[PDB]
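Right, one structure below, let's go through it.
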Amino acid sequence: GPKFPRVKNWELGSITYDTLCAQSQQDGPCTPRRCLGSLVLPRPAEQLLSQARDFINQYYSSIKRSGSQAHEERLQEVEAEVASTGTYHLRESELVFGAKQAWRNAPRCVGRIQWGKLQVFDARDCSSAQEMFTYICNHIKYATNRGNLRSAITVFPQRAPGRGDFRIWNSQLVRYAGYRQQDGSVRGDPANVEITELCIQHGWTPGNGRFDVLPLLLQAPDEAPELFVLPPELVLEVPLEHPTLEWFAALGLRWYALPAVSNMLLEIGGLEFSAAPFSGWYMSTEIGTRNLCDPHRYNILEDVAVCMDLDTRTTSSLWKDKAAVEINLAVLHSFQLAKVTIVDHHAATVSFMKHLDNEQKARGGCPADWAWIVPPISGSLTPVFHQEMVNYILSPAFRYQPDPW
Amino acid sequence: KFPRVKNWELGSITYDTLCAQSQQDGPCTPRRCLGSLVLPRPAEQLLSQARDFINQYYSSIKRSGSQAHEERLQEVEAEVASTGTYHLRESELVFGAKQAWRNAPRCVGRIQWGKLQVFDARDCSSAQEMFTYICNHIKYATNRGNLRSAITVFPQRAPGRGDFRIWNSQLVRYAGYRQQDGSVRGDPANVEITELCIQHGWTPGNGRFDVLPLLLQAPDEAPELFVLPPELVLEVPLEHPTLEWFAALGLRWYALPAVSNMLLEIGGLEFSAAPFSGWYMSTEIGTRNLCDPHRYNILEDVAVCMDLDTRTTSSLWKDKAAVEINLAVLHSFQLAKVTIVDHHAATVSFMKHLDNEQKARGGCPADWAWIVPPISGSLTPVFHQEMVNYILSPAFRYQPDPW
Ligand code: HEM
Ligand code: HEM
Ligand SMILES: N=C(Nc1cccc(CNCCc2cccc(F)c2)c1)c1cccs1
Ligand SMILES: N=C(Nc1cccc(CNCCc2cccc(F)c2)c1)c1cccs1
Ligand SMILES: C[C@H](O)[C@H](O)[C@H]1CNc2nc(N)[nH]c(=O)c2N1
Ligand SMILES: C[C@H](O)[C@H](O)[C@H]1CNc2nc(N)[nH]c(=O)c2N1
Ligand SMILES: [Zn+2]
């Protein structure tokens, strides 16, 4: 019957059709001959105006003034502005709508039930690296809120004709250093080897711990990036303990409270915000499974398994699975004890299922990347594993962008 | 543009050039990826699939271009032009069956692909004969617990008639009895096949693990019912290495996974009944079959027995119970001397397979969502490996349910 993707939930037996995917203006990486859904990185003039017009149409739809005189006047304002300057500028409320929509549109985010609750800090007046730092500190303070975390984004000035970009060089506001050793191994977080060395190249005096907070390397237009040390009192961390394994605290593990992504581009109506850091709170598997157990990250599975006295000499003891579960439990327990917002992967995926239903009714579908939405432990124990998903690109969007260096 | 494929744990990069050999479309387009969906939405064409397959075969025996090769192409061509169809030689069928397995993107067990016993049952003319062949397949593949991969190929589809079909989705399936109040006793995945069995005259039991009879269908005949001799169905009682109450749950699973509802396509020819068997990867039983909410759904029972706090997700009671259940399956299969592979060993051998296939064919079609196991995903190397999904032929395909 319906000429749209049919989407099945295999746990419940229920069927929906995604009609929203029709509004996709941008190609993904798949073709009829081959699916590239699992790749992490899939490989203006009148063009701007059409993205602009579409965005303005979306704005006026969301305030229910679509076709109105205020709607037609905004369209004319935008084309006039582009006509004379090659670019245009968003009203404050358009920025707020666009940032929330970009989050709503992100297929890889399992946290989207929260999308309507986003504090948008408008930092489009920023004109130096020093001021970026003040804005970032204010963001961190607001978002951290002594452990009661609050979703926020800070938006620095858009890319502009000729002029250099605003960029935060760091991939997150909080990152632990990774120091390449003589033997070729890494102390700290191997994910951060390159940013760490950039920080040293730019004058930072390196420490030598497993959990040294990195400075921020902030770049204002047409200038070299500048180095800023976060005041330690602004970076809330949680030492890790386990509810019943008393030795786990002795491992001296910790993670920071605030996940704040700083290297993504926010695109709204064809305008490009190259510095627009955003933060929410962690889902517990990000820390306990990926950051702590990935082989190319802290890689602590075997140390924990040994402390647990498990048989690490054979795969069939399920030592990796047992250790990972206890590490995840330690993350959840430690964040709870410390009163820092965190969400477990069961609670998060249940809420994402609710989000899917809300969006089916509001927009006729919801772009979702199954490989990313399904948690990295206990996949089929969560309701999302059993849910088919349609992945597609809608704008406004958060997008990857090349590293500034 | 051929895809660049990266492993994120190791930093290594390959290029899939095999995908250019795909003739069949999947469900994705540039506008939207449908990769997570479980199911899909003339003489010249048969002749070109047939030639392509004959070519694959002679290349496989190093005999491309030979007189044997060109004469086989003429035989196939003469047969199609005259009759609209053709027939495979046994050796071609053997090669085709192994290649369809090799090409199966959802299969994590393909390191084994070269090791497949092929039973030719194309001279089968009745449901009765199908049963004899199936019994011999089970006996062979089971081998007192030392499992051996096998396929039995029944007669191909033919334009003028109904298909040979096995109605059951596996040769071994537990009954699912729907209650007056909607709920299910046994395996809810098998409610429909169970009702079909009763309706065709099977006297049902009333347990959680009642082995179903087979419904076997010869062309344009109602299916017939055949009870499997109990000695042919090897089962494993489930116990746990350290948790004594676990055996009290009364759980078991069967040794032999033997899928019997898929269509085998070779060179344009279609085998609507070609059941195949290997051995289980432990998560299929421990995680999916026993812990899926729409299956036996035992997570709560086990958590309670383990005295876990089920009042909150953040105790990870589900995760803890699931791990113990998978451990029980592995332990119990090991104790019974029945072949099984855990999800770490299986995914490690699949990585070796990806590397063998890169060297041999310049790629390997793989469906990431199916290859990564349903617990402990990122703890296995396959999670960090990009994969390219596409359809090569010979292939195993889904087909409609015959009722
Ligand atoms: C409210 C709490 C939130 C939770 C628990 C959450 C959860 C997550 C998780 C677990 C991921 C996967 C990250 C990874 O595996 O590397 C993710 C991806 C993402 N989320 Fe969120 N999210 C939250 C809020 C936000 C906010 C506030 C934004 C932006 C306004 C956001 C936008 C994104 C984007 C853009 C991605 C994709 C990153 C990529 O493609 O690489 N989310 N989310
Ligand atoms: C040797 C031991 C083998 C192991 C451990 C194994 C493992 C698996 C697993 C775990 C799956 C996913 C099944 C599911 O979740 O429903 C699978 C899929 C599959 N395997 Fe195997 N495999 C083996 C041998 C074979 C053999 C002998 C064949 C056929 C000749 C085969 C063909 C397939 C096919 C066609 C699928 C996909 C089914 C679908 O798309 O629904 N495998 N394999
Ligand atoms: N809980 C969070 N997690 C999160 C959200 C978005 C992005 C990320 C970081 N993802 C990095 C993935 C990655 C890593 C290395 C290379 C690569 F291409 C991609 C993490 C939040 C961060 C900000 C708001 S919520
Ligand atoms: N270990 C095995 N497992 C396995 C292999 C292939 C297929 C299957 C069963 N998969 C059925 C998946 C499924 C379930 C419900 C509905 C649906 F559409 C599809 C299981 C083997 C079976 C035969 C050889 S190895
Ligand atoms: C190759 C594969 O796409 C890659 O490992 C993905 C899989 N799923 C993921 N899912 C999330 N949420 N985060 C990730 O980094 C990844 N990594
Ligand atoms: C919707 C989703 O594709 C579906 O639940 C798939 C996911 N991955 C799977 N992987 C395997 N091996 N077997 C399955 O049945 C499934 N089910
Ligand atoms: Zn796809």
Side-chain angles (χ1 to χ4, degrees), chain A residues 38 40 108-111 172 176 189-191 210 238 240-243 245 248 251 253-257 259 280-305 307-308 310 312 315 318-336 340 342-350 352 369-382 384-385, chain B residues 7-9 283 287 313-323 326 343-344 347 368-369 371-385:
Chain A
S38 81
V40 170
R108 287 171 172 181
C109 181
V110 72
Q172 292 188 32
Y176 298 121
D189 194 339
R210 279 197 102 173
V238 177
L240 298 191
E241 69 177 58
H242 191 274
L245 300 165
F248 196 104
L251 262 11
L253 302 166
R254 58 207 279 116
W255 207 259
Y256 51 87
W281 52 83
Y282 267 118
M283 172 169 85
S284 63
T285 55
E286 300 179 76
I287 305 170
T289 310
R290 303 304 308 292
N291 303 349
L292 290 178
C293 306
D294 275 0
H296 53 295
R297 293 298 295 288
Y298 280 82
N299 193 207
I300 71 169
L301 226 35
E302 200 182 27
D303 300 323
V304 170
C307 298
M308 289 174 73
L310 306 175
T312 64
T315 56
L318 306 188
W319 64 271
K320 297 179 156 166
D321 318 62
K322 290 179 148 165
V325 168
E326 299 310 333
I327 296 157
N328 282 266
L329 189 56
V331 176
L332 284 162
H333 166 78
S334 312
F335 272 65
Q336 287 164 178
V340 177
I342 186 134
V343 63
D344 71 73
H345 53 287
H346 305 288
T349 54
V350 167
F352 187 69
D369 186 333
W370 193 97
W372 278 64
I373 292 300
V374 176
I377 48 164
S378 297
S380 71
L381 279 27
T382 64
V384 287
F385 182 96
Chain B
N7 182 296
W8 287 84
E9 167 188 359
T283 52
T287 304
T313 54
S314 64
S315 76
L316 307 184
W317 66 266
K318 296 195 185 200
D319 316 78
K320 295 184 161 166
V323 165
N326 289 82
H343 54 294
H344 308 289
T347 55
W368 191 95
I371 298 300
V372 169
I375 47 161
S376 300
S378 70
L379 274 30
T380 70
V382 290
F383 184 96
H384 309 280
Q385 176 69 54

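Residue numbering restarts at 1 for every chain, and letters A, B, ... go by the order of the sequence lines. In what follows, every heavy atom counts, from backbone to side chain, and hydrogens, waters and symmetry copies are set aside.
Looking only at distances, a side-chain donor or acceptor of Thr380(B) sits under 3.5 Å from a matching main-chain atom of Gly377(B). No side-chain donor-acceptor contact under 3.5 Å links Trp8(B) to the backbone of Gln385(B). Side-chain atoms of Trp370(A) come within 3.5 Å of backbone atoms of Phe385(A) as a donor-acceptor pair (strictly under, hydrogens ignored).
The salt bridge (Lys or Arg N to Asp or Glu O under 4.0 Å) check on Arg297(A) picks up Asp189(A), with sequence neighbours excluded. Remark: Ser334(A) engages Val238(A), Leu240(A), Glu241(A) in a side-chain contact (heavy atoms from CB on, under 4.5 Å) (not counting sequence neighbours).
Of all heavy-atom pairs spanning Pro259(A) and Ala257(A), the tightest one is CD-O, 3.4 Å. The shortest heavy-atom contact between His242(A) and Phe248(A) is CB-CB, 3.6 Å. The minimum heavy-atom distance between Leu301(A) and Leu379(B), with the atom names listed, is CD2-CG, 4.0 Å. Taking all atoms of both residues into account, the shortest heavy-atom contact from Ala323(A) to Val304(A) is CB-CG1, 3.9 Å. Residue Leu329(A) comes nearest to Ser314(B) through the heavy atom pair CD1-O, 3.6 Å, listed as atom of the first residue, atom of the second, then distance. Across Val343(A) and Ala347(A), no two heavy atoms sit closer than the pair CG2-CB, 3.9 Å.
For the pairing with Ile377(A), the side-chain contact (heavy atoms from CB on, under 4.5 Å) check across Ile327(A), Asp321(A), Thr289(A) returns one residue only, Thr289(A).
Atoms CD1 and CZ, on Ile287(A) and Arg254(A) in that order, are 12.5 Å from each other to the nearest 0.5 Å. Atoms CZ and CG, on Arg210(A) and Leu253(A) in that order, are 6.5 Å from each other to the nearest 0.5 Å. Rounding to the nearest 0.5 Å gives a distance of 8.5 Å between CG of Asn299(A) and SG of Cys293(A). One distance of note links CZ of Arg290(A) with NE2 of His384(B); it measures 5.5 Å at 0.5 Å rounding. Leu251(A) contributes atom CG, which lies 5.0 Å from atom SG of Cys307(A) (distance to the nearest 0.5 angstrom). To the nearest 0.5 Å, the span separating CE on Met308(A) from CD on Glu326(A) amounts to 4.5 Å.
The side-chain heavy atoms of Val331(A) and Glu286(A), taken from C-beta on, include no pair separated by under 4.5 Å. Counting only heavy atoms from C-beta outward, the side chains of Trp319(A) and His344(B) never approach each other to under 4.5 Å. Here the side chains of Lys320(A) and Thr315(A) are not in contact, with every heavy-atom distance at 4.5 Å or above.
A donor atom on one side chain and an acceptor atom on the other are not found under 3.5 Å apart for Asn328(A) and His345(A).
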- Query: Could you go step by step and tell me if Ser380(A) and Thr283(B) meet the side-chain contact (heavy atoms from CB on, under 4.5 Å) rule?
  - Reply: CA-CA 10 Å; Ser380(A) 71; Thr283(B) 52; over 6 Å; no
- Take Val384(A) and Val110(A) through the test side-chain contact (heavy atoms from CB on, under 4.5 Å) and record every step on the way to the result. CA-CA 10 Å; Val384(A) 287; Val110(A) 72; 5.5 Å; no
- Run the numbers on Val374(A) and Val372(B) for side-chain contact (heavy atoms from CB on, under 4.5 Å), then give the verdict. CA-CA 11 Å; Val374(A) 176; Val372(B) 169; over 6 Å; no
- Using the side-chain contact (heavy atoms from CB on, under 4.5 Å) rule, take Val340(A) and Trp281(A) through it: C-alpha gap first, then chi angles, then the decisive distance, then the call. CA-CA 9 Å; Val340(A) 177; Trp281(A) 52 83; over 6 Å; no
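Between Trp255(A) and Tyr298(A), the ring center distance clears the sub-6.0 Å criterion.
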